[PDB]
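Before any questions on binding or motion, here is one chain by itself as structure tokens, the form deposited in one PDB entry.
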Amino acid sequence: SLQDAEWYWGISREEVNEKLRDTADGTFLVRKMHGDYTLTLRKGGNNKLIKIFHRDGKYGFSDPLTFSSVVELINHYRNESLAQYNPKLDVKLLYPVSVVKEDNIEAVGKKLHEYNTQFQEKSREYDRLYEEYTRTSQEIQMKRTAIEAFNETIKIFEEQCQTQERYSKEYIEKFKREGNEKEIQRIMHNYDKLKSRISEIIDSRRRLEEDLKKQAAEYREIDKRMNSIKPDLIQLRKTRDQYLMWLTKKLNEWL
């Protein structure tokens, strides 16, 4: 029971944290020459490491050593808070945590491949979409600056048909008779080119704006679907961890 305690794993610093990763406040487990064992507790997305020292029979954190075992010391603190030991540890040891029962061994191993294939298929779908997202962010903001540039282009052209109206209609009254229909037709020709060109430009900006909404539309749909893939991708990953624990080289075939 000392070794067959559910929460006693006996593992390196790294694979503790990967087992503590993404669990809630209060979750725990227990773990070289510095002391003996280590209570690695999780608190609000951060791992607190608490040393267990063993000397003349007793086990404990520091001075109040009157606990005759490793399995003794944890049962007390699963009920009670750690604040009285060290002031700012107002959190209990609440989640002392450590799938088909396919006692078949080989059939658990096959399921590990099925889930790991699904997971891997899932991770690509997520990666595909993340890149579509980030492209689409770029393609949108280029669409936006294009609209600005369009709008600034138009201002320059609107200004142009204004700029000519000053000087072109200064020329009508300053002469009129000399090149009446001759000079004014060929000034009218320019003006009607200039305004139809503004008309083409405005129609070009418009046509981009309708594409921008359809882009911004697709962008939402990508995000939507990312957010629906994400929680599946966790639970699929989390089942794969539990199957791979329950088993434990040969594996690398199933993965």
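C-alpha atoms forming the largest set that superposes within 1.5 Å between two forms make up the rigid core. Numbering starts at 1 and follows the sequence shown.
Beyond what is shown, the protein has a form deposited in another entry; the following relates to that form.
Residue 47 shows a C-alpha shift of 2 Å or greater between this form and the one not shown [criterion: core-superposed Cα displacement of 2 Å]. With the core held fixed, residue 171 shows a CA shift below 2 Å between this form and the one not shown.
Comparing the forms between this form and the one not shown, the C-alpha position of residue 120 differs by 2 angstroms or more, with the core used for superposition.
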